[PDB]
Each structure stands twice: as C-alpha cells, then as structure tokens.
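Chains as they are written, first to last, in the authors' numbering: chain A, 165 to 327; chain B, 15 to 807; chain C, 27 to 807.
Just so you know, even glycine gets a beta-carbon here, dropped at the ideal spot from N, CA and C.
Below is one structure, written out as structure tokens; comments come after it.
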Amino acid sequence: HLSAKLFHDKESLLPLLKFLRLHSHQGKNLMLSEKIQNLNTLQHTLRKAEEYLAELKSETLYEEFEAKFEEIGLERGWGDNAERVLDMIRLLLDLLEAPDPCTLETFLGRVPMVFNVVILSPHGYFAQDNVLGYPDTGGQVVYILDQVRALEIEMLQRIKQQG
Amino acid sequence: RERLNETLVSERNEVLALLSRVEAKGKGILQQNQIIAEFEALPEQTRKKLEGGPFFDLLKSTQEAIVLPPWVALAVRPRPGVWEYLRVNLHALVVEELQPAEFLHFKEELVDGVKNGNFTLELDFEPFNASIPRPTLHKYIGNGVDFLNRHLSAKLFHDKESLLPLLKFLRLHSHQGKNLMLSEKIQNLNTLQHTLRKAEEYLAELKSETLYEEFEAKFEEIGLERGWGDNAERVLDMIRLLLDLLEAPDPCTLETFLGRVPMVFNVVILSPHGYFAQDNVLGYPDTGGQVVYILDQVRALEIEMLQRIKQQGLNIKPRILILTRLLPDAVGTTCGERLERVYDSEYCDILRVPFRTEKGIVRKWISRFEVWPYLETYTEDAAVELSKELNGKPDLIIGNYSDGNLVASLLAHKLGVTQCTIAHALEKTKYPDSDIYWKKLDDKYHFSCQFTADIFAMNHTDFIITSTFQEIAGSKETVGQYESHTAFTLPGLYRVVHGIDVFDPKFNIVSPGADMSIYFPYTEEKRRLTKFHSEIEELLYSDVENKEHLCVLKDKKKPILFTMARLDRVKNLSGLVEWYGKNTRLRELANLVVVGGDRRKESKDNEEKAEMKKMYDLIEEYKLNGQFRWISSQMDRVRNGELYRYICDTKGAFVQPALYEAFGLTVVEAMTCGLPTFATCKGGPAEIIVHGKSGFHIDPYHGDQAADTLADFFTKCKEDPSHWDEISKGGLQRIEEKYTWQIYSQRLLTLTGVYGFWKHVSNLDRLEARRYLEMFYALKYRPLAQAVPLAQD
Amino acid sequence: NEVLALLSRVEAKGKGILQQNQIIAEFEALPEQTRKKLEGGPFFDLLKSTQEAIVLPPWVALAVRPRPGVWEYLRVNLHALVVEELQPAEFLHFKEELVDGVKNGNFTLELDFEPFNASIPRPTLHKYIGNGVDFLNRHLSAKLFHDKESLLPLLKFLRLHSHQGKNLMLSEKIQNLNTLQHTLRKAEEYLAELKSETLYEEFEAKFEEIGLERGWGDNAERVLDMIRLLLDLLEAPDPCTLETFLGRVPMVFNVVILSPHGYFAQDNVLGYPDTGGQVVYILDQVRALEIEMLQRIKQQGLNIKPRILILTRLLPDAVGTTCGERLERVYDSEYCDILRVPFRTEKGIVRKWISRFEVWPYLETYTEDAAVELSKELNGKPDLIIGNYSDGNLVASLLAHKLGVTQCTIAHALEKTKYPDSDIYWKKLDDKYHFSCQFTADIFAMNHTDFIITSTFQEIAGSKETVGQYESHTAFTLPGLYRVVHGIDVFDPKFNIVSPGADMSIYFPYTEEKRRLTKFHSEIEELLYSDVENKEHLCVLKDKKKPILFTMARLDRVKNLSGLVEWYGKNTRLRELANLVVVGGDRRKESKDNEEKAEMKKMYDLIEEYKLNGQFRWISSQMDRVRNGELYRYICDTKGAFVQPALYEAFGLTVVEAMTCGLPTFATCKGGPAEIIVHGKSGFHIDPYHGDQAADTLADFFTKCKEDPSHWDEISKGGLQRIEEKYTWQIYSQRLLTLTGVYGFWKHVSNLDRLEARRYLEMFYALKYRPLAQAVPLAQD
Ligand SMILES: O=c1ccn([C@@H]2O[C@H](COP(=O)(O)OP(=O)(O)O)[C@@H](O)[C@H]2O)c(=O)[nH]1
Ligand SMILES: O=c1ccn([C@@H]2O[C@H](COP(=O)(O)OP(=O)(O)O)[C@@H](O)[C@H]2O)c(=O)[nH]1
Ligand SMILES: O=c1ccn([C@@H]2O[C@H](COP(=O)(O)OP(=O)(O)O)[C@@H](O)[C@H]2O)c(=O)[nH]1
Ligand SMILES: OC[C@H]1O[C@](O)(CO)[C@@H](O)[C@@H]1O
Ligand SMILES: OC[C@H]1O[C@](O)(CO)[C@@H](O)[C@@H]1O
Ligand SMILES: OC[C@H]1O[C@](O)(CO)[C@@H](O)[C@@H]1O
Ligand SMILES: [K+]
Ligand SMILES: [K+]
Ligand SMILES: [K+]
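Structure, rendered in structure tokens:
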C-alpha cells in the first residue's frame, strides 16, 4: 500500500522527507539535516553523494567522508562504511524514483530508530528466579526475558552497522 | 542551468579561458565535437592555460562546438539524458541562454544562411508521452520494463476499474480457436476471485506431479481453460500469482505472471535488405553482423518458446519467419528461394518476398540506402505470404535496422500485433553531421528517408531492444546513439525538437552473444578443427596472389594482427592498413591480416569500391608486400571460428578500427575464442571491452597512437608471454558474464508479455500519438520515399 | 417483414451504383412502392432518419441521423438482408470506391481529431449545442471547487495579467492563495465603509501596498463587487459567478480581424464578386465591439485606448474604391481601422484582384506581412484575433499561433454545404474551385481556434430533419486525397451561437415617417420605375402601381437569382400580381468573375425567352447601404415582399435587413434562413429545389394580401417582433468579450492537453496545406 501510494506522488513523498529530517536521538541529528528543505535538494544531494561514494574503497569508514556529507546535508546513520552508506542512499533514491514494497521495507527497517524500549508486564511476580509457577507467573515472564535479550543483541548490531 | 554558471567564471580564469574561445572561433564555420573541441586549444595551448580548475567541466561536456557568426554555438551534457546548449560571442559578450528548438534554429542559420521556413515542421513527441511518468534516475535507462512493472503494480493496487483489463485480457486470450487461461464464463472480478479460490483448494490436495489432464475436467466447469501449467504444482503457483495481483500487486509478481502466460507462438522477424542467407553471403555489401545476430537469435528463441509451451501445458507448435528480400539473380546463394529452413532448428524458416513495381518484380540487388521506394509494397506482399505460412496471426513482430523497423511497424499496425525494434545501428551517429549536412549527402545516401523512418519506428514500436547501455545514453563523457536523436535538425526538411527520450520506459537492454559451438577458447584442443588447418595455412601463408588473397607474408612465424569486416568507409579498414604501414616497430613485431571485401566479383557498392582503391594504393605506398595479407570475405562461420583460434596460436591480437561501431559481434567472437582484442572506443565496444582487463580501447581518430599501443602490447608479450594469457582470460570472462544467448530469449519473451498487457491499459492514451505517427508516415515518409530513384533492371 | 424490406432494398439497387439523399433515399423507395408498404413500423425510421445511402452492387451503406449530432453507419446486402454495423471510416471506404473504383491508399491519411478533444467531457444534450461556454463554466466551476492545484491557475493568471507594461489585477506581492485570500478580505473590509462613489484613486494607495493593482473597477462600489466575486470563487465556485468575474477582467484592448478576400471597403463595393454580408457583418461588428470595449475599460477604471484592425488585401488597381490605401478609419468609430496589406511573391507585389477560391498560394506570406504591419500599428500585441471565412480563419490561426493570442473564428459560410458533393467529387472541381485547399484550411482553423461563433443553431447541428453546416464536417472524405473520420463535433464546448443584426440606424420600419429619408425618393423612383435601359438597369416596369417582389444579392450560382427569374417568368399569375425587381451584378464594368459572368448570360437569355420586359427590372449592384435601407422601405410602400431563392444560404443578412424594415420575407429553407424565419409567422420558407412551387406560394401571398390587406401587416409585424428578439447587435458585443475572458482563461488551464493538438495541427498545416496551396496557379499582372 505504501509502495503504491508513494509512486510519483509529491504530497505523498514529503512525509518520508519530513521523517528523515526530524529524525534524531539524544540531541543528535540523523539521516537528513535541516539543509534539505525539499525533494529536489534531497534528490540532488543523494545523487551527489552517490557519485562520490561509488568512487571510494568499500571499507572506507564514514568518518572520512563525514565532513563532505555534513556539507551537503547528510547526518549520521546511513551506514558505517562506503559500501553500506552506498546501498542505503541507493535505496532511498529508488523510493523517490520507482517505489517497490521490498525496497520500501528494507529501507525503513534499516533506518536507525529503536534505541530505547519500554516493555509492560504489571501483573504476576516478575523475576528471574524463585518465581516461575506462582500464580500468574509463567510463559509471559519467560517470553519477555528471552525477547529482550534477543532484542538487545539485534539493536547493538543495527546501531553499529548504521555507524 | 548549472553549466551556464561555472562558465560565468571568465571573471576569474578570464584572460586565459577566453583564449580557448579564440583558438576555436579561429578555425571557423563548422562543428568540432569533443576530440576536436578538446584536442584543440587546450592541448595545443600554452601552460598559461592552467584551466584545470572549475572550467574543465563545461569543455569536457560539450559534444559539439559549432563555429558560427561572431558567435559560438556549443553544447553541454551534465548527465546522460540532460541537456544544456550554449551560444557565446568572441569579443562581443554575446553569451546567451539556449533553450531547444532555439539552439537548432542556430544550426540552420549555419547552412541555409537563415533558419527553416517559418511554419516549417517541428517534430515534438514529448506531449504524446504523458501517459506514464518518466524515470529521472540513471539506473532505469535501458531498464524500462522494471519501471513499467512498478507503474502497473501500483496502478493495479486496489483499483476496480484498473484490474478489469487484466481480466478481459486473460479472458479474450486464445490461439487459433483454442481458448486459454480464462473462458468466457467469468464476467467479473468477484467470480474470478472466487473461481481462483476454489481452484486453489482443490489443487493443494493433489500430488505435485498430477497432470493437467486429471483436473482439466473440473477446471472447464469453473471457467479455467488451458495454459496455466502442465502439472498441478505449476498450475498452483500460477493461480497463486493471479490471486496475488488481485489483492496486493507487487512488481516482481506482476512481471513473473505476465512472463509465463503462454503468448508468443508465431514470431515474425523483419530483415529486408542485404543478402540474407546461412551460407556464401557474409562479407557482402549490407550483409554482416545483423544476419548473424538474427540467425543466432531465432535459434535461441525457438528453444525457449518450446520449453515455455511445454511447461504451460500446451502442444501448440511455434513458427518463426524471417522476412527478407528475394534476390532472384544472386548466384551461388539461396537468396532466390522463397522458403529456407534455418540450420539446427525445427521451426525457424527464412521467408523471402520479392520487391516489385507495377512493371513486375525487381531482380537486381539494391543498396540498403536505396530500398525506400520499395518498402510499402513489400509490406503488403509480405503480409500476404506470412498469412499463408502462419497458423493464426503473428504474436510478435521484431523489426531490424531501418528499413526493417519501417516495415515491422506497418505490419504491427496493420495486423494489430505487439512490436519490438532492434536498430543494429543508427546512421546519424555513423556518418557525422549527416543530419545538418543531409541535403548534400541525399542523392548518394538518401538520409532524409532513413532518418524519417528511424524516428517513425522509434515511436511507433511497443518496445526497443538495445545491445548495450551505450546504444542508448552513451557514457558520462559522450552522447549515446539513440540519445543523439532527442534533438536534431535537417535544415530545409524539418526540425526534431523532442524525437526520443533515453528515459523512455520502452528501452530495454538485452545483450546478444556469440554462438558457442562456433566460437570457443583456442585452448580446448579436443574441440579444435584441424581438418581446416590446410585451407587456413594456404589462406594466410600461401605464396599466391589472387582475388582470394593479396600480397604475401614473408615471415610465417610472427604473431598476426588480424581484422575482419564488411568493407565500407566506416569500418575504416583502409585506416588500419595505413596506421600499420607507417609504424615500423609494429610491422616488425606482427604480420597484418585484413579480411574484407569480395574481390572474386566486380563490386556494385559505392563504398566497397572506394575502399578497394585506397587499399590498393596503400599497399604500394607503404610497400606492404611481405608484411601484409589482404583476404577476401570469409562466408563460412565454422571455419571463421577456427581462423580466430589459429590467430591465437600465433599469439596475435584482434583489432577493430571503426570510426563508429554500434555493437561489434566480431569483438565478441574474438574474445570468446580468447584472442586479445583492441577495439574502437567509438560506439558499442567502449562498453563491451573493459580497458586493460578484458581488452584494450583505441581511438580511430588517433591512429598512430593505436598502431603504437599495439606495438607496445606485442612487445610486452614478447618479454612476458603471460601478459597475453592474462588479457585472453580477461576477455573470456567478460563474455561469459555479459554477452551470451541463454538469458536473451527469456528476457525477450518476458518483455513481450509485459509490454503486451501494458498496451491494453495504455490503449487510449496512445491514440493521439498513433494518429500523429499515421500522418508522419503518410505525409512525410511517403513523399520522400517516392522521391528516391527506382532501380533499373 | 422479412419479405418486405428486401423489396425497397431492391428498388434501391434498381438505381444501381450511386448514392442518393434522404429525400430520394425514401421519397422514391417508400412511396413509389405499392400499398405493399404497410410499414409505419420500427424498421422504418432507419430510412426516415437516413441522411444518405451509398449503393454498391451487393451492398447499400447507410448514414443514419436519429438526432442532431448522433450518427450510426450501417451496411445492408440488397438481397439476403443481414444488417451489419460499420465504423465511420468504413462507411467512407464505400464512398471512395464509388468514385475512384477503389478505396484510398491503405496507408493514406485518416484525419481523426476526436482523441485530441478529450480534455473536457462532451455535453450530450441538445441544449448545450451552441451553448458551450455555459457547459465549460460548469466544468471550470466544479474543477475549481476546493482544489488548490486547480485554483492556482486563477491566481497566476491574475498575477501575470498586464497590458503594455502596466500591471493589472494582482501584483507580485501575492504569491499564494492564503495571501490572496487574506488580502481580498482585508480590502473588502475597507471598501465596505467607503461611500459607493469613492473613486479608485482614493484607496489606490492602500491597494498597491497589499498587492492590488488597477482594473478592479472605477469606484469603490465596483471594486467591492469584483473582489467579492473573487472571494466567492476561492470559496464556493458556481458557474454564474465564475463567468461574471472572467467576463469582467479587463482583457480585450487590441483586436485583430482577418478578412483578406474580396474588395473590403465602406463604399462602392457591395455586390462585387466575393463582397457581401461578410464586409457588412464585420463593419457592424467592429462598431458595436468598440462601444462596449470602451465602457468595459472605463468601468474597470482603466484609461487605455482600444484599437481594432481589420486586416485585408491591398488592391492597388481597384478604382473608385478605397481598397488601394493602407489605413482607413471605420465610419462612426474613434478606434476602428481597416489595414490593407498586399499579396506579394518573389517577383514582388501582386496588383490584380484575385477570387476567394484562388488566394491560397498567397496566404502564408500575407500572414508574415500582416504580422509586421499590425506590429507597427498596435500598441502592445493583440488581445484577441478573429478569423473570418477560410482564408481568414487560416491566417487567423497562423497569426494566433505565431503571436500567442486567443483566437476565435467565424465561417460566414462553408462551401462544402454550398456546393453539394464537392467533397466526394472534389477532383473534377479542383482546377476551378480548389476545394482541396479550402476544405483543408476549413478543417485546420476549425480545430486550431480557441472558440467558434455561429449565427444560428442551424450552422452547427442544423435542424431535426437536416444536417448542419459544421455537422457535415464531422465525417467526410476526399477520394485520393485524404479521409476525415471525425473532423468536428457539434457538441464541442467551443461552439457559441451569437447572433448578429442589422445596423438599426440604416434599417427600421417603413412606417416611421419622421425617420424615412425622403431625399432618396427621386433617385429610387428613377432606379425602379424609369423608362431608360442601361448598364445600371435593364428592362422596364410597365405598371408602376403593382407591388414589388424584391431581391438583392451577390450574383452567382448558389444565390440562384437566375432561378428566381425563371420561376417568375414561367408563372403568369405571379406576373400579373407583382413586378420582379432583381438587384445583382455590376454591369457598369466587364465581369472578371466566372460565376458572375455565367449568371449574367443566364439572365439575358431568361429575359428574352420569358419576354420579361415590362414585369422585370434588373438593377446593378447598389453599393450604398443608406439608400439601401430606404430602398427596402420603398418596396414596403408598395406592399411587396423580399424573396431569397438561394440554393443554400449560410445566414442571410439581407433576410434580416428586409425583416428589420417591415418587408414580408420569403427565404430559402436551405441553411440559416430556416432558423431565422418561422413559417407563417415571421415570414415564409420556400424551396429553391422546387421553384414553381415557390412562385405559386408567392402568387398566393399576394392574392391573400389583395383580398385581405391586413395579412400583409400580420407578417410585417411578425418579422418585426422576431428580429426584435433573436437578432440585434446589442448583446453581441458583450457576449463576445465575455467569451474572450472565459476561453482566454480556460486555455491556461487546458494548455497541456492542447499541446498534443498543437503538434498534430502544425504537422497538418505544414505537410498537407502548404503543398496543396503551392499547387494553386499564381495570378499574372
Ligand atoms: O513450575 C513451573 C511452571 C512453569 N514454568 C515455565 O513457565 C512457562 C509456562 O509457559 P506456557 O506458555 O507453557 O504456559 P503459560 O504460563 O504461558 O500459560 C514454561 O517456560 C515453563 O517451563 C516453570 O519453569 N516452572
Ligand atoms: O568476411 C567476413 C566479414 C564479416 N563476417 C561476419 O560478419 C559479422 C559482422 O558483425 P559486426 O557487428 O562485427 O559488424 P556489422 O557488419 O554488423 O556492422 C561477424 O559475425 C563476422 O564474423 C564474416 O563472417 N566474414
Ligand atoms: O448589390 C448588393 C448586394 C448585396 N448588398 C448587401 O450585402 C449584404 C449581403 O449579405 P448576405 O449575408 O445576405 O449575403 P452574402 O454575400 O454574405 O452571401 C447585405 O447587407 C446587402 O444589403 C448590397 O449592398 N448590394
Ligand atoms: O493467561 C496465561 C497467564 O500466564 C502468563 O503467561 C503469566 O506467566 C500470563 O499470560 C497470564 O497471567
Ligand atoms: O550498417 C551496418 C550494416 O551491417 C549489418 O550488420 C549487415 O548485416 C546491418 O546492421 C547493416 O546493414
Ligand atoms: O460563399 C459565401 C460568400 O459570402 C460572403 O459572406 C460575401 O462577403 C463571403 O463570406 C463569401 O465570399
Ligand atoms: K534528521
Ligand atoms: K481465454
Ligand atoms: K498582474
């Protein structure tokens, strides 16, 4: 539905640009800066970034091209190296051009977002010991402790891959 | 207008950078593109140039600088497919913004002395394009099907009226009175949604390998005819893909489903000009890579069609016709027989139809530039014959080259059939400034007809196939072949404002190949044909001078510098022979063997004739006897294959010195055998070859540098024979990756489906462009075509 | 009735290979058969509705016209029945074989304009035919309603709008709908508290500040109304509001009118070949138009001075006329001028008058020269361009395109309807009439123009029983040349019927005595009743007291004056009752026109053959309208009548003039006069195809009038009233300027769709017209 609604529609695309521009964590800018006010500059800047990156060695760290990227309006979180930053910029350029569902997901899922997470489990005796089997204490408690551990490994990773 | 700014920089680099603007205006009244607009004042300047700053863009992107009034008309190309043209004054401060149809107006004032008429024709196809939006993104150039898919995938998503066409499409679909896919039972999406639902449960239960014959009974009941699959497993997938499009269309699915619907049964391929034959032809005027491409293409195609028909659960038998001219008088050939079976195919047949006038058929061969008056009556006739040969109507028409695309359009329109074009070359890029200088070239080359027909076909066709990206958008530095038709002018005739857009979703790149049984690595000894080594050794090292071969090779042991091609001005064989003759170091390292032209018979082609006079003269001038062997056309590919490998034994190289080459199958063949290849950087081979890895590039405009580059190569190879083996393996790998026949057919068939379905939805949007084209042909081409003198028997 | 139809279809095939028209396509078949008809049944009415049938030996093709604008084409095997529906193009093949023995080249041109018109949906109702601006308003109204993307064009249109460097409407300070919206109510607040009469000068200060430039009105009352109009349009657009607003915006300042063919002058011309109601219409028109143009410009608080140029051909050797001078002021106008420019070639200026059918080779250069000349004359470029007739519409198109101006066209006649079967038989007629050229330009300008003005509904959709003038261009064919599948549509919103009138200074009732111009009576009595025979008049009237049957018109084939004379000549009874006075041809000179010459010889022989002396007075062309007004009134004094025996008449200005004067009128039923007159009420209709019947009818009018004198007055007053309603110049001028506003704007909104049409038309002009036109032989001095 989003892939189809996004295909060559201005009033549609803005939301995605507003998103990346507003995106920040703990007082740091991510993705696009305030330098990019419209799809034209964004389109132009991405293309501009792509020409540059397609030149560099794949394993080149973001810190190298950081200065330049800051110039043209690109904040951190596209990836930790040239290769990664490249696929990502190429991904968004594509959403602007010919959106497909697989692209759309891949990009949105890649954008660093989830950092802080709040999980709700009020009832029961919720603990890591001396509990399981008490009234209301059971599969929910187990699931949640496994979930967070699994969740934390994935986040540290996504965070590190996005530089 | 970014390129009118960095040039505004005459405020900084001025007293230097207005010099190059001098040494140009100092040549005068002409066009110099690139190498001349560049190898001019910049290289021929002094170190007070020092223009290596921000200026080096606008000159590096020009493509032309046309000397002019106290004015310079120039062009600039920021990115493939994006246009800026400049006009500035030398000493007058005349620099002016230039917006298209205005810039052309300045090209006309540079010939006629004034621009074209007033109400003289402007050709703009842009407004007829508005149906789909254009990709602005480089990746989609030559990828259009991928773009059209996503446009359809979206347009299809939860739109009632929008899915109807797909139902109607699958509902009407039939072949020779057999109904396929959906029967007439299913009148609406709800019934189809449901009927498909019912079908799925049933099939999910059956074993994967259950034949369609079992459940055929059930299906006919619910409205499902044949063409879904041969067994249950297949029918299942297919049914699932259709359910999917009805719910959440995604591009990948839409393509796959349209890909599989059994569609292409009878193919009709247009190739009127030349001597089209499978033996005793190649090397003749107008007879060349296009004939090889088509013969290889059809064989490949026939196979894919067979296994697509089998998989889809159908026994229908395909037929592929190759339409071409019947030349009753070409003797020593089969060109005089109406029907001929293609080698190694069950269903591919050559179908020959004669040209004719009200005075009866025309027997004599005719140059490809002169066939124009004949083509419309050819179409009518061909229609009649292929109606005879074909069972039902054509499911695809492929046009080839210029005359071929002209006709295939008329048929496609007449019969209402999906159409594809393949240019195989576009003369405007091959014969420079033939657009603007057209009027003087006309009585020889008749370019007013050819261009007209090329423009007509590009826009008439459903999709276009190119063999490379370069054939469309060129490169960063240089303009592409099709691209160069976006805006041009034929002063006194008409002015093409927007003729084509490289971003058009109809461009698809499908790269051909070299037949693998004919051309393979010289290293596989089991495969080598030694039966030929006597003929070949006579061919090369024989003592005799005759119509088959000229001069002689004193030293039998040198590496051979080899080339083979039709003989005409553009192939530039006379060029290479000269470069070699002037460079003593190359002559010592290698023998030069050029195969081209047929000297066994008197030549009837103007260029062929002119080329021979130059060859003849050079041989004497450069005293080539003993280092040079000029061999006549080799019409048998099997032995040609072994010839290439033989050249490998001598550890030679292959050189292709064309002023322009559209694709260069010889390049592909040479590498497929493993022969390290040096080829012209102008046109297709720029893309085929990767410099210093899979081969080397040379510039036909600097020949002396080419001859030396080669001398270098042989020198290194003498010091380090492993250097040869490295380039050899590089070529072998490049071919194995990019150029092969296996995927070609699949791509091509898939395309026919996607574009076939598409042309139903877009039916109404195109209706205007259709009348615009009808008129262009009738009121533009026809008058021009009847203008051309008829051949006289 | 399976055994029945086979019969009529048999009787049809009996006449063999041919086509026949709807009169015959029935009037022979149905009636000429035995009582075997017994068909009042539903099959019948395919026949009754058939406009023509084309019969080729196995086949009969049918063109059916159920309602104006609605066509069905069928084929029928003359034996075996088997009715099969055919597409227009295929019905056209039928005609083509009928002439060439074969259809047009498989690859020969089909003109189809339908796919280019689709921007607006088409009205299907009879009422919107001729009423297109009404339709287009409702469309723009809806389109505009709470759509920002749709409202922007309105803001930009107004923001860019200017004349000759003076900004108008909105300044550049208004960049968007909020600012416009906010500013407009700011202004409205302010004006509400001013006295209505406050002049725009007082608050002009404020406005400039907030982005409001001049042209909203003269006083505060009027700037307020317009502003409120715009507020509404941004808020809740309705059709009426939209139209009032657009018709109000000052636009038309300079107007250019194209009328190249003929001798265009204010005196010493009328009745000369190719010179007639078009010169009359245009002159009346520019007058009325300048009046309104001035009030509008004044009412909007603008001080600009308008200009109207009538572009026509400079004829150096026309003598006794003003056709040799380059600029001529129009009588009773401060701002209207005739601007003459010569035809010319590589050899230089062409001196001799050339027939309308021959001007084609010259028209493109004319355009360029015309352009250069009106650039010197006009202050700023043209705000409106009106093409007239074919040469006129053609040039109007090219100039409009060249200059980027809103174009209107007026046909004044369409030859295809004047010269039956001149489309299908075009080849044998071409050497003489060059219809391949004309039809081509007719089609070109018809489509290329921004809108169209007709003088009747008949001009578009004709009547219920018969085909209209533009209607007959919907689908037709020129064998061996090209085929028009859909060339025009009677429902195209571009059509507007704006009826013209007669100058009411010149034409009034014969019963207003103080007004009659008596000083002309000596001249008229000599003109009519004198015993002298010369190049001014032939024969003589023996009995002075009889009533006069009066006609006046250009002299040529179609006007059918030679017919009228023969009718009269054959009919003794009419001859006893009334004297026939015909005015046509200028015999003072040698006739340079083919038809005029031919018609003259016919006249002479009719005189001798029917012994017309004593009942018949043949007067040369009366070139002065003022005395003409009184001449009409004189006929009334005698209780006579005006008759107009044309085979076809596009509009009939003389028919309007006669009526305006009180003179009972009998006019042809073929073309415009069929709408103008109401049989038995405002006048009568006669059939030029049945002449003797026409005469008998006239005899009858006079007899009735003889016995009862008040019958003459019923009709006299009947027409007087009719003209008072449908035909006057008062609303014309205002309607026209309104359309220029609506269509002026609509062309900004629709501009992107007219692009495809632009290129189509360009290529049609270039690749089809030009080559045809050049083929026309040039004149020689
Ligand atoms: O005495 C107990 C009772 C339960 N469990 C654990 O609690 C979970 C029970 O979850 P389940 O989803 O099976 O049932 P639920 O408690 O969610 O209703 C399982 O991991 C058990 O191993 C346990 O460890 N000790
Ligand atoms: O004497 C000759 C000359 C030409 N060729 C063949 O002609 C084709 C030429 O194709 P290419 O694209 O290289 O040049 P083209 O003629 O198509 O412009 C190649 O397959 C060659 O092997 C040949 O077999 N013998
Ligand atoms: O000898 C003549 C004949 C014509 N008229 C005028 O020319 C016009 C004829 O216009 P109409 O539309 O009736 O005929 P048209 O010439 O346009 O076909 C009328 O105003 C007549 O009064 C005239 O003044 N003298
Ligand atoms: O309903 C099952 C119960 O067990 C839990 O999993 C807790 O361990 C909760 O979901 C709920 O209290
Ligand atoms: O223009 C090059 C020529 O060579 C061919 O390959 C011959 O088969 C054709 O493409 C064309 O006629
Ligand atoms: O055929 C009709 C003729 O009548 C006129 O109105 C006379 O001026 C012109 O439009 C045309 O020449
Ligand atoms: K951000
Ligand atoms: K079917
Ligand atoms: K303004």
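Measuring straight from C-alpha to C-alpha, what distance separates residue i and residue j?
i: residue 575/B; j: residue 624/B; result: 23 Å
i: residue 369/B; j: residue 520/B; result: 32 Å
i: residue 616/B; j: residue 644/B; result: 17 Å
i: residue 270/A; j: residue 251/A; result: 11 Å
i: residue 762/B; j: residue 184/B; result: 20 Å
i: residue 277/C; j: residue 378/C; result: 38 Å
i: residue 255/B; j: residue 268/B; result: 8 Å
i: residue 540/B; j: residue 529/B; result: 18 Å
i: residue 249/A; j: residue 198/A; result: 20 Å
i: residue 282/A; j: residue 182/A; result: 25 Å
i: residue 317/C; j: residue 364/C; result: 17 Å
For residue i and residue j, which I take to be in contact (beta-carbon distance under 8 Å), what is that distance rounded to the nearest angstrom?
i: residue 431/B; j: residue 399/B; result: Going by Cβ atoms, the distance from residue 431/B to residue 399/B rounds to 16 Å, so no, they are not a contact pair.
i: residue 589/B; j: residue 647/B; result: No, residue 589/B and residue 647/B are not in contact; Cβ-Cβ is about 19 Å, not under 8 Å.
i: residue 46/C; j: residue 78/C; result: 7 Å
i: residue 672/C; j: residue 585/C; result: 5 Å
i: residue 640/B; j: residue 567/B; result: 7 Å
i: residue 86/B; j: residue 38/B; result: 6 Å
i: residue 387/C; j: residue 793/C; result: With 8 Å as the limit, residue 387/C and residue 793/C do not qualify as a contact, their Cβ atoms being about 17 Å apart.
So with CB distances below 9 Å, who are the chain C contacts of residue i?
i: residue 605/B; result: Going along chain C, no residue has its Cβ under 9 Å from residue 605/B, so there is no contact; the nearest lies around 54 Å.
Would you mind telling me which residues of chain B sit closer than 7 Å to residue i, beta carbon to beta carbon, in chain order?
i: residue 141/C; result: 781, 782, 785
i: residue 138/C; result: 785
Please list the partners that residue i has in chain C, where partner means a Cβ-to-Cβ separation under 7 Å.
i: residue 3/B; result: Here chain B has residues from 15 to 807 only, and residue 3/B is not among them.
i: residue 390/B; result: 133
Using the beta-carbon of each residue, which ones in chain B are nearer than 9 Å to residue i?
i: residue 790/C; result: 789, 793
Report the neighbours of residue i on chain B: residues whose CB is nearer than 8 Å to its CB, in chain order.
i: residue 135/C; result: 788, 789, 792, 793
At least 3 beta-carbon pairs within less than 8 Å: the stretch 139 to 150 of chain B vs the stretch 780 to 788 of chain B: yes
- prompt: Can we say the stretch 231 to 241 of chain B touches the stretch 192 to 210 of chain B, given the rule of at least three CB pairs closer than 8 Å?
  reply: With a cut-off of 8 Å, the stretch 192 to 210 of chain B and the stretch 231 to 241 of chain B count as touching, because enough Cβ pairs lie within range.
field: ligand 9 site residues, beta-carbon cut 7 Å against heavy atoms
entry: 184/C, 185/C, 186/C, 187/C, 188/C, 193/C, 194/C, 195/C, 196/C, 197/C, 239/C
query: Is the number of C-beta pairs between the stretch 456 to 469 of chain B and the stretch 399 to 410 of chain B that are closer than 8 Å three or more?
result: No: the two stretches stay apart, fewer than three of their Cβ pairs being nearer than 8 Å.
query: Taking three-plus beta-carbon pairs below 8 Å as touching, is the stretch 622 to 637 of chain B in contact with the stretch 688 to 695 of chain B?
result: When C-beta atoms of the stretch 622 to 637 of chain B are compared with those of the stretch 688 to 695 of chain B, fewer than three pairs fall below 8 Å, so the two segments do not count as touching.
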